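Asker: test case, fold it:
(8 chains)
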Amino acid sequence: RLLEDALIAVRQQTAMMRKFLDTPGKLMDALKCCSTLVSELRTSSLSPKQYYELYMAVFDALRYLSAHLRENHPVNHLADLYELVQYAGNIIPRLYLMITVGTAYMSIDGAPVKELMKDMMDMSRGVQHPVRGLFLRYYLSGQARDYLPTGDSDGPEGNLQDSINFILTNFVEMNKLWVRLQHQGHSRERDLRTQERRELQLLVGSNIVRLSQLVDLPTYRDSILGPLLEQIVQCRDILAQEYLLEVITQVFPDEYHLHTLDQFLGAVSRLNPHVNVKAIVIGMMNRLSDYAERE
Amino acid sequence: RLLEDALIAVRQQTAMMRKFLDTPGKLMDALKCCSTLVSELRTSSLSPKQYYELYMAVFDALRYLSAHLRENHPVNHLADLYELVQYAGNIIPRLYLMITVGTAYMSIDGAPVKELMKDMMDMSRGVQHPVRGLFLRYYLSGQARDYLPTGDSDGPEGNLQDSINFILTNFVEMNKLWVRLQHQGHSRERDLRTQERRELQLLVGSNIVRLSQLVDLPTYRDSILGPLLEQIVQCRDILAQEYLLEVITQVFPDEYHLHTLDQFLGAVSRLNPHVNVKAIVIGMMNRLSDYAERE
Amino acid sequence: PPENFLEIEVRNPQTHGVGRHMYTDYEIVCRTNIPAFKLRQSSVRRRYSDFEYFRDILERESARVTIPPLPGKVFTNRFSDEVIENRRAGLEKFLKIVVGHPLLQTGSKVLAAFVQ
Amino acid sequence: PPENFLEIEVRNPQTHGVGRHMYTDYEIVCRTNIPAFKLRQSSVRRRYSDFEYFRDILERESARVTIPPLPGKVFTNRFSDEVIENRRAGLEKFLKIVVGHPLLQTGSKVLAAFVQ
Amino acid sequence: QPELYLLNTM
Amino acid sequence: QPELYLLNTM
Amino acid sequence: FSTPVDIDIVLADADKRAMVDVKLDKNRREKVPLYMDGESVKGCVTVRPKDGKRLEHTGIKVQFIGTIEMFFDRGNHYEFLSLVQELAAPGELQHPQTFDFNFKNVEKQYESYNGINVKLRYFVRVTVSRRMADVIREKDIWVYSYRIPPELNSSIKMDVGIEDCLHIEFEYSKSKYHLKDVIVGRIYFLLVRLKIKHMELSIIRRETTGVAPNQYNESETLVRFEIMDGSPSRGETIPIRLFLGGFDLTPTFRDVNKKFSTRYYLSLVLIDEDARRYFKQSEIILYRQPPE
Amino acid sequence: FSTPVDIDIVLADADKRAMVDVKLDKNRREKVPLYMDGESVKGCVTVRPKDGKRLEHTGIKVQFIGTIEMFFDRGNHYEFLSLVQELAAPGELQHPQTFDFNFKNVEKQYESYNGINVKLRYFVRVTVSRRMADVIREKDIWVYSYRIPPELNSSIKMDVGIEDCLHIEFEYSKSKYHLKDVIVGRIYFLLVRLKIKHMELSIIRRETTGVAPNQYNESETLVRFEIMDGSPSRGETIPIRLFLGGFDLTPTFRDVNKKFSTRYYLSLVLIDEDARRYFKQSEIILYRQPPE
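Answerer: Numbering: from 1, shown residues only, chains lettered A, B, ... in the order given. Now the structure:
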């Protein structure tokens, strides 16, 4: 009931936001309708699938908003708009708006991109509710996907370290939330929570894919696997260990792994026997066997 | 009696004035009493002899006051006293005080000589009574006839010409007053008026005496006798013509007269047929006879 | 004569008649050189009721100043020597004040007609 | 157990006696891990007037908050099956609200003593 | 109705 | 008591 | 009939002078000319007669008034500035007439305010005096009070809590903020043993009216601004960025004419799962910045 | 007992500020501080308690007042300037206390005047409010009004007389004279057919009080100054030099607050032998010169 009624309200708000978006100087009214739409996300009675689908509808409206802002800056501006959008009363609409305006700022002015990422990354320290913070940070990852300062940068200030910091910090905060999915909510929903974690694993692994479309082999050895191994060895969780290690193996190349083999094997030595290390080890060892038989 | 009542008041006022002159800071009280005394000279009811006697008694007291002022300025000062004496309520006392202070200023202050003397002479033109103004001009003459802007000036205010102008102007005003004596009072007291005029002839001739302590023959010709002859022939009276011409002849030098003999005879021709020309001509010829007999 | 002068007197009383309409009149003698008069010496006769009538005319012509009252009507003995003299002296004094007043001398036409 | 919990119920009514002083009591079964309780499982017996006395003590200890009233005194048939059940259900609901209140859980000493 | 507790300085 | 006459302009 | 006479006031700078808004009861917005302290007030009083009759009067004057009105009580009005110009003496009016006026360099010590128990307003009052009932026209103006950047502006930083239960350090970047300024701050959690559902930062306006024990405090909660959703742990830092320009506030007014204060407070509020509410109030001074 | 409290007012510039005199009824001379238009008035209100008791009060204030008082009537007083500073709120006094005050750049549009039907005075009034009877202290000041040399100053020159009797031309050097200036003039005789005993020049002060048909004119003959003794003839010129500094006059005040005028006239008087008196009155404007 709630999900479809919310989706109806979302479609109504998208219609009113776009009718406002057509008129310059209705941007604040468009943001008010967008906030009213994201208010639908204040229900928590939706299933993970239902809450996800509502997120998709609000995300789709946000795609319209993000293109509208990335057009408003190219045509006139609104001064201090990143600050001005932080006056929104609803926090989830406000932060989704913060990501949307942020990406508009990265598109309009490349010089503050590095500075804007430090501000935006710092403010992502708010939403610690795993489902809402994960969906918000997924929106962040999709909006902030293409702007990272590095050796693969876009022409903002920034070196390989700024992208490495952005992705590692984003990985650690989302992984902390993703594990917290194991915990958040109520205790009799552990299987539902594990379902939620499997659903949101792509949100975490998008960071690893983004890292692989980032810094190279010496940077991989010093400043990727090290952090990654520290998390792998220190989580003592099972679902995260299998997912995160397989994503590392697949996403980064084995030329990179070969330069990190000893780091890998020093992770291989601490495997906790009551952690379902057997499944992780068989799948990794089988992969290395298959690696061997690509003969 | 009127004279005696006034003289009693004069002695009363002189007694408090002298007690005030004794006390420093009672000088203003002495001047107020002096004004009350000089108010007695404002009467017109006295016989000629009685008014003369009242004037002489008040004049000697005024001499005591005038010497007191002419000593006070030489030893310290009295500020604005020339202005201060113009404060007096009674005009005849007021004007006598301005003459007294004027002469005190003339003794103390050499620089203002022309302006203060010219001022005192011009403002004494206010006197609308012939007798009182004539007696006032004796107070002036006793005060300042000896101080005139004259050759005693060595470059600042005043020159022998200024004194000549001052005295000639004084002559014209005294002569207008002298004829006006003829016309004051009732017409049937004409012989009494002529007697009074005979009494006051010395008043006119003191100016001639003052003139004979002055400039030489070319200056006599241009700026004394010339002026004097137009006035002598146009005044058209008898007592003044006989008196003034004989006083001029004795008092001014005959060396000067010799250079001006023809001017005299042309004045003798410029007289009324109805003035006592016989007496003037007989007296002139008799004087020329003296110009013949002094062996 | 440079001066302006006026001299006046009320004198020489005379009593006239045959019976009915008996009356007395007084001579007014005046000498003047004032520019509102037409001759140097005037001599005229006037009785008491002429003075009374003159006063009303003078007060009305004036429209203005204080005119003294006349010595008065007499009911007791108008033809007695003392009474005639008392009145003559009062008329003499009254007339000298009226004709002596500077504004009446220069402005009063009625005054000039009473004298001349 | 990271979470703090308390479960409580009022059940198992029993009526006791030989004649005089006949009464019924109810079992209070509670399970908890709250830091103000001294054992995990408590099982105690309480009659209706124990609940009445507990309420006065609780209201006085609170010096403060709203405590719901108890289901009520009964004058008609206190030992009837339906009456015992009506009361048991009302005591069960009352007790769950009182012990469920966060401030009573952390601050009430009287509550802990009634349960244990 | 809803409890309101002032936070004290330390 | 004492007459007072205003002087007129000409 | 109608009125025999109508009084209008036209300022000399009426075309070029800026105007400002004021919020009044039931959400009404009036708009009046803007003035500052030290400015001269000058213009024309324009009298429009309406009837072919005659208006007998015992004088016409114009007053510049600044006054404080308390509790809507007419007996409790206090004029703190009154300047008079007499425009006409006792007489008649038969036809229209204008009268010039100038009040030289007019002091205007306070800013205009409309509140609950207090009004502070400035106006021009034209009075045509009559035998039993004056013709009076008021003509409201707004006065603003400007202040430069303050010499001392320190950050507000405080450790506060409930013993062995909640300990937090809060930091706000300034003690004094302008009307379009930004509250930049943070909340740092040192001890959390309570279950926190959410946290919000509220701006509270207190209007204080009266003298000594006669004190009435009206309190209005202008904003409730959420800054945290969900339960933090120790070592967590929550950022605050709250833009004051979204809520249209008045400056902080302190002891105005010794009759009222209008004061602003940041009230930080944390709410537990059972809806218990933990708070800390801190005064902030608001000020009207001068543009260049 | 005595008074429980005494109020004294001490100006900040009390040592160095100039004072001036005022003539009052029965030849009295008071002396008060001198002020000018635009000057600030500032100092201390010093309260001296006298008893070891307590003084309960409902507020202490100081007022700067400028007012016009007519006919000595308290109902006919008109304040043209009133400025207030509140010095204390409702409360108690047990011991001595001083209170600072500053009235910034005080307008003072008129000069102080004491006349017959009019007073214009300026003062500081301190009021300690009490339940049935205030403690009030007034503290008088003098305000002067200064004016530069006038742009247009023409000579006064007029032919006047009585037809075919007296014709005279009089000349006075200015129409506007300062308070220590000199009437320089002359009288020229064109026709004399009357016998003139003397001539004097008189300064007359007229104080005019009221509005419209309500007009009271008080007239004071300040000087009688003789300028001619005896009978002139035609072609005669009489000089006038009359120093105004000998008579201590006020400036010409014209329609002050639309309530009074103080005006000065030169009245030239000629007297005949029978004591008839011929005259011509001419207004002159007096003004207070500013020293450099």
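Asker: which ones are touching the residue nearest the centre of chain C?
Answerer: Nearest residue to the geometric centre of chain C (C-alpha atoms, centre = their mean): residue C:95, 4.8 Å. By C-beta atoms under 8 Å, 6 or more residues apart in numbering or on different chains, residue C:95 lies in contact with C:8, C:9, C:10, C:28. Bear in mind the C-beta positions are built from the backbone N, C-alpha and C, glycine included.
Asker: do residue A:267 as well
Answerer: Neighbour list for residue A:267: A:229, A:232, A:233 [criterion: C-beta under 8 Å, 6+ apart].
Asker: with respect to residue B:146, which of these is nearest?
Answerer: Minimum distance to residue B:146 across these is 133.2 Å, recorded for residue A:229 (C-beta to C-beta).
Asker: which strands border the helix or strand residue G:31 falls within, and is each parallel or antiparallel?
Answerer: Residue G:31 belongs to strand G:28-36 when assigned by DSSP states H and E. Strands that pair with strand G:28-36, judged by DSSP bridges, come out as strand G:19-24 (antiparallel), strand G:135-144 (parallel).
Asker: picking up where we left off before, can you pick the most crowded of the contacts of residue C:95?
Answerer: In terms of neighbour count, residue C:28 stands highest of those at 24 neighbours, by other C-beta atoms under 10 Å in any protein chain shown.
Asker: test my guess that that one contacts residue C:41.
Answerer: No. Assessed by C-beta atoms under 8 Å, residue C:28 is found out of contact with residue C:41, at 11.4 Å.
Asker: gap between residue G:234 and chain C?
Answerer: Per C-beta to the nearest C-beta, to the nearest Å, residue G:234 is found 119 Å from chain C.
Asker: and the gap between that residue and residue G:185?
Answerer: Noted for residue G:234: a distance of 19 Å to residue G:185, by C-beta to C-beta, to the nearest Å.
Asker: which of those two has more neighbours?
Answerer: residue G:185 (22 against 12).
Asker: before we move on, what SS does the more buried one have?
Answerer: Under the three-state scheme (DSSP: H, G, I helix; E, B strand; the rest coil), residue G:185 adopts strand.
Asker: quick check, it in contact with residue G:173.
Answerer: Yes. Counting by C-beta under 8 Å, residue G:185 does reach residue G:173; the two are 6.0 Å apart.
Asker: what's the following helix or strand after the helix or strand encompassing residue C:95?
Answerer: Using DSSP H and E, residue C:95 sits in helix C:81-100. Per DSSP H and E, the first helix or strand lying C-terminal to helix C:81-100 is helix C:102-107.
Asker: residue 55: neighbouring residues, count only.
Answerer: In the absence of a named chain, this looks at chain A. 23.
Asker: my bad, the chain I had in mind was chain G
Answerer: For residue G:55, the neighbour count with other C-beta under 10 Å is 16.
Asker: do I have it right that it meets residue G:90?
Answerer: No. Using C-beta under 8 Å, residue G:55 makes no contact with residue G:90, being 11.9 Å away.
Asker: so who does whichever residue of chain E sits closest to chain G touch?
Answerer: Residue nearest to chain G within chain E (C-beta to the nearest C-beta): residue E:7, separated by 4.1 Å. Residue E:7 is in contact with G:160, G:161, G:162, G:166, G:168, G:278, G:279, G:280, counting by C-beta under 8 Å, 6+ apart.
Asker: let's have those in a markdown table, adding neighbour count, secondary structure and distance to residue G:23.
Answerer: Listed next are those as a markdown table, based on neighbours: other C-beta atoms under 10 Å in any protein chain shown; DSSP: H, G, I helix; E, B strand; the rest coil; distance: C-beta to C-beta, whole Å:
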| residue | neighbour count | secondary structure | distance to residue G:23 |
| --- | --- | --- | --- |
| G:160 | 19 | strand | 34 |
| G:161 | 20 | strand | 38 |
| G:162 | 17 | strand | 38 |
| G:166 | 20 | strand | 38 |
| G:168 | 26 | strand | 35 |
| G:278 | 23 | strand | 33 |
| G:279 | 16 | strand | 27 |
| G:280 | 18 | strand | 29 |
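Asker: including distance to residue H:145, could those residues go into JSON lines?
Answerer: Listed next are the contacts of residue E:7 as JSON lines, based on distance: C-beta to C-beta, whole Å:
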{"residue": "G:160", "distance to residue H:145": "64"}
{"residue": "G:161", "distance to residue H:145": "69"}
{"residue": "G:162", "distance to residue H:145": "71"}
{"residue": "G:166", "distance to residue H:145": "72"}
{"residue": "G:168", "distance to residue H:145": "68"}
{"residue": "G:278", "distance to residue H:145": "68"}
{"residue": "G:279", "distance to residue H:145": "63"}
{"residue": "G:280", "distance to residue H:145": "61"}
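Asker: need the residues of chain A near chain D, please.
Answerer: Residues of chain A lying near chain D by C-beta under 8 Å from any C-beta of the partner chain: A:183, A:187.
Asker: any idea which residue sits dead centre in chain A?
Answerer: residue A:138 (3.4 Å).
Asker: state the number of residues packed around the nearest residue to that residue once chain neighbours are set aside.
Answerer: Distances taken as C-beta to C-beta, 6 or more residues apart in numbering or on different chains place residue A:203 nearest to residue A:138, at 4.6 Å, with adjacent residues excluded. Counted with other C-beta under 10 Å, residues neighbouring residue A:203 total 21.
Asker: so what's residue A:203 up against?
Answerer: Residue A:203 touches A:134, A:137, A:138, A:141, A:174, A:178, counting by C-beta under 8 Å, 6+ apart.
Asker: was I right about residue G:34 contacting residue G:144?
Answerer: Yes. Using C-beta under 8 Å, residue G:34 is in contact with residue G:144, at 6.5 Å.
Asker: which neighbours do those two share?
Answerer: When contacts are counted by C-beta under 8 Å, 6+ apart, residue G:34 and residue G:144 have residue G:20 as shared neighbours.
Asker: find the nearest non-adjacent residue to the most centrally placed residue in chain G, please.
Answerer: Closest residue to the average C-alpha location of chain G: residue G:113 at 3.2 Å, with C-alpha atoms, centre = their mean. Nearest residue to residue G:113 in three dimensions, chain neighbours excluded: residue G:120, at 4.4 Å (C-beta to C-beta, 6+ apart).
Asker: now residue A:244
Answerer: In space, and not counting its chain neighbours, residue A:244 is closest to residue A:232: 6.2 Å by C-beta to C-beta, 6+ apart.
Asker: element containing that neighbour?
Answerer: Here residue A:232 is covered by helix A:226-235, with elements defined by DSSP H and E.
Asker: by how many degrees do the next helix or strand after that helix and helix A:226-235 diverge?
Answerer: Once helix A:226-235 ends, the next helix or strand along the chain (criterion: DSSP H and E) is helix A:239-251. Relative orientation of helix A:239-251 and helix A:226-235, computed by axes from the mean of the first three to the mean of the last three C-alpha atoms, to 10 degrees: 150 degrees.
Asker: how far off centre is helix A:239-251?
Answerer: Computed by C-alpha atoms, centre = their mean, to the nearest Å, the chain-centroid distance of helix A:239-251 equals 16 Å.
Asker: for that helix, buried residues please.
Answerer: By 16 or more other C-beta atoms under 10 Å in any protein chain shown, the buried positions in helix A:239-251 come out as A:239, A:240, A:241, A:242, A:243, A:244, A:245, A:247, A:248, A:249, A:251.
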